2 protein chains.
Amino acid sequence: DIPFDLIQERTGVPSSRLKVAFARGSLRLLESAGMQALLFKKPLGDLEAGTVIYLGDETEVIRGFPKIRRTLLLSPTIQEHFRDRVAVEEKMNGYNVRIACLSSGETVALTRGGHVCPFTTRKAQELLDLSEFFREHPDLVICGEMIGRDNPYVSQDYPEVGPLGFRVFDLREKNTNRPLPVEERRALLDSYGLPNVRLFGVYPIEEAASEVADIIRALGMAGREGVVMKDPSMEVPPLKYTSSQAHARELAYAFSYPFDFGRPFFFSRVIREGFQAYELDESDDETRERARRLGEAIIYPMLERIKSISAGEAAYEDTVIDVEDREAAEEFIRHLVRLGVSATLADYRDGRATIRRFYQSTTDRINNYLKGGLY
Amino acid sequence: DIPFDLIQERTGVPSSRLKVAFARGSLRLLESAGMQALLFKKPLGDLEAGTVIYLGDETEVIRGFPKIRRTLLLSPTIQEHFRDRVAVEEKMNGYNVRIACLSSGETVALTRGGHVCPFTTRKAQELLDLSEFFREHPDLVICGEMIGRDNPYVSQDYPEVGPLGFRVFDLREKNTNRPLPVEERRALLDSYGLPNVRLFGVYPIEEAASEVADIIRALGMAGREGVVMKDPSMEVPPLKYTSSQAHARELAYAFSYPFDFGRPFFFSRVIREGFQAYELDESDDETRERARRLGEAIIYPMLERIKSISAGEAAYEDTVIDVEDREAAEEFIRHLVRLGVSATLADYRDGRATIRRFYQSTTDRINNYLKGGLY
Ligand SMILES: Nc1ncnc2c1ncn2[C@@H]1O[C@H](COP(=O)(O)OP(=O)(O)OP(=O)(O)O)[C@@H](O)[C@H]1O
Ligand SMILES: [Mg+2]
């Protein structure tokens, strides 16, 4: 049974609160070296959502990755949040991965919720040489973005990393979740042959907002997601800010399965376009492009989705991945499913498993409308 | 001391559910001129929102105007819903008015929430000649839209009415809320010289959808709101269906005050554009124009609003109305304020009265960000 007082000491959360959280947002589950773990679905105190506690030789807290705040404007805001210098990295469109070595020597890759992903743990050690880093730094949690076209979670092709890849943006200590300063982190990860997310530079605070403006113009015309700005000694939390095309991308995806994204959502992205038009457009023409790009991202995917279902096709998405065997693919399917995702194996040849995700609500509601159902 | 048993007898709503509604709202007020009345803020049993019960020499239940269902498609939805024939009237973009001659001889214009508008009651009596109609039909509630560019509530130019006119779209019995048949209701209002909404015609159900499509194309090309489809006998409830410019107009106004409406306003309207592109757009040119039209309606109002607030202006809405005197103008404001509206008299020249509406949600949140406040 759950060692509530031990956890109370390791976390700073009173054993009383923890029993209140065992009503709802605190799950006990088997994972790793026959080990019993606790997964904080909801945040609780200093503890972040996605926090996982492993109850082994030592009880290790794998803190959840912290929510990064958003800004819609580069100025005055950057000068209003930061001090002296701003480090500016590339925002990787992928899925958040915390890699840790546990007291059992076992290496584990946590999805944002704190679940171990069988696919992510396999691929993370396949594509990363972690052995020596963890021998020397076993209480540092590698925080990164799994990216690439053959990505079961968020699929964007970053050709320079291959079909599947990884990029570290953080080193955070177990339990305390304290980050290493930016430039030390990059160096340390360099000297173990580990990949850092692209860093555009470190700029004095006066010039930061303009420097970020050019980068974003560059990132947009490349079709990349955007930027994450950081206090070089991480004594100020980060701010994220994204490109217009990044917003058209998400929106276009969202209006392809419009009834699976819980309403706004949609408002939040569009609003980013208002303030960004106010700040980055240097001609009416550009603002015109911005409008055209927004309309088309909305109409055309929704028009094709509707045509599709009209022609008998249910709304689905496929993503072909590398797996070890068909059993492995199946196990990953189950994991997506216990995450509330409609998924099945659609095809399997050698080690390549076609993961099929179904969007039931988009299929149903567009069918009911096409048959004469009333809004 | 309210006569709940009487109101139960006169509405069929159980006495208990009434007292429980009143313990919240449902609200008891004085109106016209020394009568006490019951306003139903939310629906209850068969009672509609905005239903008012007048307690006079007679107990009269001025029923609220029923919510009209909407379709996103003409086909096959019309023929799944209607039978035999389909009557198709213009949907007029203004505000809802219920005119009735209460048992105390006093004529009262009710807005959708069942409040007596001092403006609308004065405007309806100037505009319409109602004395001979109500003399013959005191128990008939005239239901129509007040429309025109110089409108106090929602404003759109309709040349046919100059600055401001009225158009009846329904006749409904007091208490029962039963609607007269379409062709009868129209003949009746004509013989008494009362203005009808344009009725394009009654079509058999197999031709209804293609007919409506043609009306919709003309109405869109002409900047008109859409169509309300009716069973001639009114035995099946109406379906409203709106055009794309109705929507652009709607989303443009929406994003001039983004944080005051919704969040959708946006997903609701945009979803119409999808199915309508599907059913009605015949060339991709048309769909392209639809996308661009939708984009500009979103960015531009949002953009100007941020510029407007960056330059120090509050987010407001002006509208100019024709009033009798300035005494009239200030009564109308006192009226808007007692309904929760942040309005003032911006200006008054020669019977004209600039009514200014403030939207502080939009002003505050847009200023919070321009000050460098985090998303
Ligand atoms: N260079 C980077 N630095 C930090 N985070 C990054 C970087 N590149 C990608 N990310 C990922 O982007 C996330 C923030 O971007 P996004 O808005 O897509 O995530 P989110 O789901 O909104 O996360 P949250 O709201 O919890 O911050 C981070 O949580 C991280 O997973
Ligand atoms: Mg209307």
# chains A, B, ... in the order shown; residues from 1 in each chain; ligands from 1
>>> interface_residues(of="chain B", to="chain A", cutoff="6 Å", atoms="only C-alpha atoms", output="PyMOL selection string")
chain B and resi 70-71+76-77+80+274+278+291-292+294-296+299+302-303+372+374-375
>>> write_last_selection(atoms="N, CA, C and O atoms", output="mmCIF file, in the first residue's frame")
data_model
loop_
_atom_site.group_PDB
_atom_site.id
_atom_site.type_symbol
_atom_site.label_atom_id
_atom_site.label_comp_id
_atom_site.auth_asym_id
_atom_site.auth_seq_id
_atom_site.Cartn_x
_atom_site.Cartn_y
_atom_site.Cartn_z
ATOM 1 N N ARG B 70 -31.849 25.788 -36.419
ATOM 2 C CA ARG B 70 -31.013 26.140 -37.564
ATOM 3 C C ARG B 70 -30.498 24.898 -38.269
ATOM 4 O O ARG B 70 -30.190 23.880 -37.641
ATOM 5 N N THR B 71 -30.392 24.986 -39.580
ATOM 6 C CA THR B 71 -29.781 23.918 -40.346
ATOM 7 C C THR B 71 -28.536 24.484 -41.010
ATOM 8 O O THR B 71 -28.457 25.671 -41.280
ATOM 9 N N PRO B 76 -30.200 17.059 -47.255
ATOM 10 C CA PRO B 76 -31.617 16.731 -47.374
ATOM 11 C C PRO B 76 -32.418 17.228 -46.199
ATOM 12 O O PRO B 76 -33.521 16.731 -45.983
ATOM 13 N N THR B 77 -31.871 18.177 -45.447
ATOM 14 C CA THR B 77 -32.415 18.507 -44.137
ATOM 15 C C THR B 77 -33.835 19.029 -44.233
ATOM 16 O O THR B 77 -34.686 18.647 -43.432
ATOM 17 N N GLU B 80 -36.219 16.197 -44.627
ATOM 18 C CA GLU B 80 -36.283 15.321 -43.455
ATOM 19 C C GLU B 80 -37.146 15.928 -42.364
ATOM 20 O O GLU B 80 -37.654 15.216 -41.484
ATOM 21 N N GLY B 274 -18.281 25.998 -43.591
ATOM 22 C CA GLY B 274 -17.843 24.711 -44.067
ATOM 23 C C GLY B 274 -18.902 24.012 -44.892
ATOM 24 O O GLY B 274 -18.705 23.760 -46.081
ATOM 25 N N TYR B 278 -19.514 23.408 -48.955
ATOM 26 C CA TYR B 278 -19.826 22.069 -49.419
ATOM 27 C C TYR B 278 -21.049 22.044 -50.333
ATOM 28 O O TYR B 278 -20.953 21.658 -51.496
ATOM 29 N N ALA B 291 -13.097 31.905 -48.541
ATOM 30 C CA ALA B 291 -11.993 31.827 -47.579
ATOM 31 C C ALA B 291 -11.387 33.191 -47.273
ATOM 32 O O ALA B 291 -11.161 33.541 -46.113
ATOM 33 N N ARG B 292 -11.116 33.954 -48.322
ATOM 34 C CA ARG B 292 -10.543 35.278 -48.172
ATOM 35 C C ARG B 292 -11.487 36.196 -47.410
ATOM 36 O O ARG B 292 -11.076 36.896 -46.481
ATOM 37 N N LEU B 294 -13.688 35.363 -45.317
ATOM 38 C CA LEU B 294 -13.698 34.932 -43.928
ATOM 39 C C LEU B 294 -12.458 35.400 -43.167
ATOM 40 O O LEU B 294 -12.537 35.793 -42.005
ATOM 41 N N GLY B 295 -11.307 35.330 -43.821
ATOM 42 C CA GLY B 295 -10.067 35.759 -43.202
ATOM 43 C C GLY B 295 -10.058 37.232 -42.847
ATOM 44 O O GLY B 295 -9.773 37.604 -41.712
ATOM 45 N N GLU B 296 -10.393 38.069 -43.820
ATOM 46 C CA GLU B 296 -10.358 39.510 -43.633
ATOM 47 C C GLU B 296 -11.332 39.967 -42.555
ATOM 48 O O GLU B 296 -11.048 40.896 -41.810
ATOM 49 N N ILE B 299 -9.122 39.076 -39.178
ATOM 50 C CA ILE B 299 -7.906 39.823 -38.863
ATOM 51 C C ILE B 299 -8.149 41.325 -38.764
ATOM 52 O O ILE B 299 -7.810 41.936 -37.757
ATOM 53 N N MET B 302 -10.001 42.802 -35.806
ATOM 54 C CA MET B 302 -9.162 42.524 -34.651
ATOM 55 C C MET B 302 -7.952 43.463 -34.620
ATOM 56 O O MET B 302 -7.572 43.975 -33.568
ATOM 57 N N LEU B 303 -7.376 43.696 -35.797
ATOM 58 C CA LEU B 303 -6.210 44.551 -35.986
ATOM 59 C C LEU B 303 -6.498 46.001 -35.645
ATOM 60 O O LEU B 303 -5.775 46.625 -34.869
ATOM 61 N N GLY B 372 2.140 44.494 -21.463
ATOM 62 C CA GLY B 372 3.149 43.471 -21.334
ATOM 63 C C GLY B 372 2.664 42.331 -20.469
ATOM 64 O O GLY B 372 3.449 41.488 -20.025
ATOM 65 N N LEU B 374 1.023 38.865 -19.414
ATOM 66 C CA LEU B 374 1.228 37.534 -19.978
ATOM 67 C C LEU B 374 -0.080 36.840 -20.315
ATOM 68 O O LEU B 374 -1.084 37.012 -19.613
ATOM 69 N N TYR B 375 -0.057 36.050 -21.389
ATOM 70 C CA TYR B 375 -1.275 35.433 -21.911
ATOM 71 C C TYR B 375 -1.996 34.585 -20.867
ATOM 72 O O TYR B 375 -1.615 33.440 -20.601
#
>>> residues_around(residues="residue B:62", least_positions_apart="3", cutoff="6 Å", atoms="only C-alpha atoms", output="list in words")
residues 51, 52, 53 and 174 of chain B
>>> calpha_fit_rmsd(fixed="chain A", moving="chain B")
0.8 Å
>>> residues_near_ligand(ligand="ligand 1", cutoff="6 Å", atoms="only C-alpha atoms and all ligand atoms", output="list in words")
residues 67, 68, 89, 90, 91, 92, 93, 96, 145, 169, 197 and 228 of chain A
>>> residues_around(residues="residue B:314", least_positions_apart="4", cutoff="12 Å", atoms="only C-alpha atoms", output="NGL selection string")
:B and (256-257 or 305-310 or 318 or 356-367)
>>> residues_around(residues="residue A:205", least_positions_apart="6", cutoff="10 Å", atoms="only C-alpha atoms", output="ChimeraX atom specification")
/A:78-80,82-87,211
>>> residues_around(residues="residue A:48", least_positions_apart="6", cutoff="10 Å", atoms="only C-alpha atoms", output="JSON, numbers by chain")
{"A": [40, 41, 42, 62, 63, 64, 65, 66, 67, 113, 177]}
>>> write_last_selection(atoms="N, CA, C and O atoms", output="compact mmCIF listing (two decimals), in the first residue's frame")
# COMPACT_ATOMS: atom_id res chain seq x y z
N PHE A 40 0.87 11.99 -10.52
CA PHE A 40 0.02 13.15 -10.24
C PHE A 40 -0.62 13.71 -11.52
O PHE A 40 0.00 14.48 -12.25
N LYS A 41 -1.87 13.32 -11.77
CA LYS A 41 -2.57 13.78 -12.96
C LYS A 41 -2.82 15.28 -12.87
O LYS A 41 -2.63 16.01 -13.84
N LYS A 42 -3.24 15.73 -11.69
CA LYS A 42 -3.46 17.15 -11.43
C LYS A 42 -2.28 17.69 -10.63
O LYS A 42 -1.68 16.94 -9.85
N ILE A 62 10.17 12.26 -10.19
CA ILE A 62 10.40 12.82 -11.52
C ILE A 62 9.38 13.92 -11.79
O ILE A 62 8.32 13.67 -12.36
N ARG A 63 9.71 15.13 -11.35
CA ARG A 63 8.81 16.26 -11.47
C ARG A 63 8.24 16.46 -12.88
O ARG A 63 8.90 16.20 -13.87
N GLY A 64 7.00 16.94 -12.95
CA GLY A 64 6.38 17.17 -14.24
C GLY A 64 7.02 18.36 -14.92
O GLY A 64 7.49 19.28 -14.26
N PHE A 65 7.03 18.36 -16.25
CA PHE A 65 7.56 19.51 -16.94
C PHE A 65 6.60 20.67 -16.77
O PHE A 65 5.41 20.53 -17.04
N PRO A 66 7.12 21.81 -16.30
CA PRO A 66 6.43 23.09 -16.02
C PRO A 66 5.78 23.74 -17.23
O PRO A 66 6.35 23.79 -18.32
N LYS A 67 4.56 24.24 -17.01
CA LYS A 67 3.86 25.01 -18.03
C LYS A 67 4.68 26.23 -18.40
O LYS A 67 5.10 26.97 -17.53
N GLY A 113 2.06 13.38 -19.34
CA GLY A 113 1.16 13.02 -18.26
C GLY A 113 1.87 12.23 -17.18
O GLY A 113 1.39 12.10 -16.06
N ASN A 177 13.43 19.58 -9.43
CA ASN A 177 13.12 20.06 -10.77
C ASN A 177 13.86 21.31 -11.15
O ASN A 177 13.43 22.04 -12.04
>>> atom_distance(atom1="atom CA of residue A:33", atom2="atom CA of residue A:106")
7.2 Å
>>> residues_around(residues="residue A:58", least_positions_apart="6", cutoff="10 Å", atoms="only C-alpha atoms", output="number ranges by chain")
A: 102-104
>>> write_last_selection(atoms="N, CA, C and O atoms", output="compact mmCIF listing (two decimals), in the first residue's frame")
# COMPACT_ATOMS: atom_id res chain seq x y z
N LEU A 102 16.62 5.48 -13.46
CA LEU A 102 16.04 5.24 -12.14
C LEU A 102 17.02 4.43 -11.29
O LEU A 102 17.93 3.82 -11.82
N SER A 103 16.81 4.46 -9.97
CA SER A 103 17.64 3.73 -8.99
C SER A 103 17.89 2.25 -9.35
O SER A 103 18.77 1.61 -8.81
N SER A 104 17.07 1.72 -10.25
CA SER A 104 17.19 0.34 -10.68
C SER A 104 18.09 0.22 -11.89
O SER A 104 18.24 -0.87 -12.44
>>> closest_residue(among="B:116, B:161, B:110, B:44", to="residue B:142", atoms="only C-alpha atoms")
B:110
>>> select_by_dssp(residues="stretch 109-304 of chain A", states="alpha helix (DSSP H)", output="PyMOL selection string")
chain A and resi 118-127+131-136+182-190+208-220+244-254+266-280+284-304
>>> select_by_dssp(residues="stretch 41-114 of chain B", states="strand (DSSP E or B)", output="compact mmCIF listing (two decimals) with N, CA, C and O atoms, in the first residue's frame")
# COMPACT_ATOMS: atom_id res chain seq x y z
N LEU B 44 -39.30 27.58 -18.86
CA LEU B 44 -39.87 26.78 -17.79
C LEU B 44 -41.12 26.05 -18.28
O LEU B 44 -42.10 26.68 -18.66
N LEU B 47 -43.22 27.29 -21.07
CA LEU B 47 -42.97 28.71 -21.21
C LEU B 47 -41.61 28.98 -21.82
O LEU B 47 -40.63 28.30 -21.49
N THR B 51 -40.91 35.37 -21.64
CA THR B 51 -42.35 35.34 -21.43
C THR B 51 -42.69 36.31 -20.30
O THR B 51 -42.06 36.29 -19.25
N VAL B 52 -43.68 37.17 -20.53
CA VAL B 52 -44.11 38.10 -19.50
C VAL B 52 -45.56 37.84 -19.14
O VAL B 52 -46.40 37.73 -20.03
N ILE B 53 -45.86 37.76 -17.84
CA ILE B 53 -47.25 37.67 -17.41
C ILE B 53 -47.71 38.97 -16.76
O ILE B 53 -47.19 39.40 -15.73
N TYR B 54 -48.68 39.61 -17.40
CA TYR B 54 -49.23 40.84 -16.87
C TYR B 54 -50.40 40.56 -15.95
O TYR B 54 -51.31 39.80 -16.30
N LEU B 55 -50.37 41.15 -14.76
CA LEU B 55 -51.45 40.97 -13.80
C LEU B 55 -52.32 42.23 -13.77
O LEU B 55 -52.01 43.20 -13.08
N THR B 59 -55.64 38.52 -16.52
CA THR B 59 -54.30 37.95 -16.45
C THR B 59 -53.88 37.52 -17.85
O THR B 59 -54.39 36.54 -18.40
N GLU B 60 -52.94 38.26 -18.42
CA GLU B 60 -52.46 37.99 -19.77
C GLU B 60 -51.02 37.50 -19.78
O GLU B 60 -50.14 38.13 -19.20
N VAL B 61 -50.80 36.37 -20.43
CA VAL B 61 -49.47 35.83 -20.57
C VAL B 61 -48.95 36.15 -21.96
O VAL B 61 -49.26 35.46 -22.92
N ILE B 62 -48.17 37.22 -22.07
CA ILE B 62 -47.46 37.50 -23.31
C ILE B 62 -46.28 36.50 -23.38
O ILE B 62 -45.23 36.69 -22.76
N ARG B 69 -34.90 26.70 -34.71
CA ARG B 69 -33.82 25.78 -35.01
C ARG B 69 -33.11 26.19 -36.29
O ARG B 69 -33.69 26.88 -37.13
N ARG B 70 -31.85 25.79 -36.42
CA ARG B 70 -31.01 26.14 -37.56
C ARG B 70 -30.50 24.90 -38.27
O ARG B 70 -30.19 23.88 -37.64
N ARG B 83 -42.92 18.87 -44.37
CA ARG B 83 -43.84 17.98 -45.07
C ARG B 83 -44.71 18.73 -46.05
O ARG B 83 -45.16 19.85 -45.78
N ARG B 85 -45.20 21.00 -48.08
CA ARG B 85 -44.74 22.28 -48.61
C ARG B 85 -43.88 23.07 -47.64
O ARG B 85 -43.90 22.85 -46.42
N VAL B 86 -43.13 24.02 -48.18
CA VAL B 86 -42.20 24.84 -47.39
C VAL B 86 -42.30 26.32 -47.73
O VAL B 86 -42.00 26.73 -48.86
N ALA B 87 -42.72 27.13 -46.78
CA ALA B 87 -42.83 28.55 -47.02
C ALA B 87 -41.51 29.24 -46.63
O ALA B 87 -40.95 28.96 -45.57
N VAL B 88 -41.00 30.12 -47.50
CA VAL B 88 -39.69 30.72 -47.32
C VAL B 88 -39.69 32.25 -47.27
O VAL B 88 -39.86 32.90 -48.31
N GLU B 89 -39.48 32.80 -46.07
CA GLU B 89 -39.47 34.26 -45.82
C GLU B 89 -38.05 34.80 -45.61
O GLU B 89 -37.15 34.08 -45.19
N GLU B 90 -37.85 36.09 -45.86
CA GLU B 90 -36.56 36.70 -45.59
C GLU B 90 -36.26 36.70 -44.09
O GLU B 90 -37.14 37.02 -43.29
N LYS B 91 -35.09 36.35 -43.73
CA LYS B 91 -34.64 36.55 -42.36
C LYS B 91 -34.05 37.95 -42.28
O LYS B 91 -33.05 38.26 -42.94
N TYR B 95 -33.71 43.46 -34.37
CA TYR B 95 -34.05 42.85 -33.10
C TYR B 95 -35.52 42.46 -33.04
O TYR B 95 -36.38 43.02 -33.70
N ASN B 96 -35.76 41.44 -32.23
CA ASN B 96 -37.05 40.84 -32.02
C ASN B 96 -37.99 41.76 -31.24
O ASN B 96 -37.60 42.36 -30.25
N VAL B 97 -39.22 41.92 -31.71
CA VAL B 97 -40.19 42.72 -30.96
C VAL B 97 -41.53 42.02 -30.87
O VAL B 97 -42.04 41.49 -31.86
N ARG B 98 -42.10 41.98 -29.67
CA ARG B 98 -43.46 41.52 -29.49
C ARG B 98 -44.32 42.74 -29.11
O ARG B 98 -44.12 43.36 -28.06
N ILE B 99 -45.24 43.10 -30.00
CA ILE B 99 -46.19 44.18 -29.74
C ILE B 99 -47.50 43.58 -29.32
O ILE B 99 -48.01 42.69 -29.98
N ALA B 100 -48.06 44.07 -28.22
CA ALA B 100 -49.38 43.62 -27.79
C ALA B 100 -50.14 44.76 -27.15
O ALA B 100 -49.54 45.70 -26.60
N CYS B 101 -51.46 44.68 -27.25
CA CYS B 101 -52.35 45.60 -26.58
C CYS B 101 -52.89 44.92 -25.32
O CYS B 101 -53.80 44.09 -25.38
N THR B 107 -50.60 49.83 -25.26
CA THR B 107 -49.84 49.03 -26.23
C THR B 107 -48.37 48.99 -25.81
O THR B 107 -47.79 50.00 -25.44
N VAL B 108 -47.79 47.80 -25.86
CA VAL B 108 -46.46 47.58 -25.31
C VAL B 108 -45.57 46.81 -26.31
O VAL B 108 -45.98 45.79 -26.87
N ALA B 109 -44.40 47.36 -26.63
CA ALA B 109 -43.44 46.62 -27.43
C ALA B 109 -42.46 45.86 -26.53
O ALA B 109 -41.77 46.47 -25.73
N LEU B 110 -42.43 44.53 -26.63
CA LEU B 110 -41.46 43.75 -25.85
C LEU B 110 -40.27 43.28 -26.69
O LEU B 110 -40.47 42.70 -27.76
>>> residues_around(residues="residue B:193", least_positions_apart="3", cutoff="8 Å", atoms="only C-alpha atoms", output="PyMOL selection string")
chain B and resi 129+189-190
>>> atom_distance(atom1="atom CA of residue A:194", atom2="atom CA of residue A:120")
16.7 Å
>>> atom_distance(atom1="atom CA of residue B:6", atom2="atom CA of residue B:136")
26.9 Å
>>> closest_residue(among="A:260, A:347, A:9, A:206", to="residue A:319", atoms="only C-alpha atoms")
A:347
>>> closest_residue(among="A:2, A:343, A:281, A:118", to="residue A:327", atoms="only C-alpha atoms")
A:118
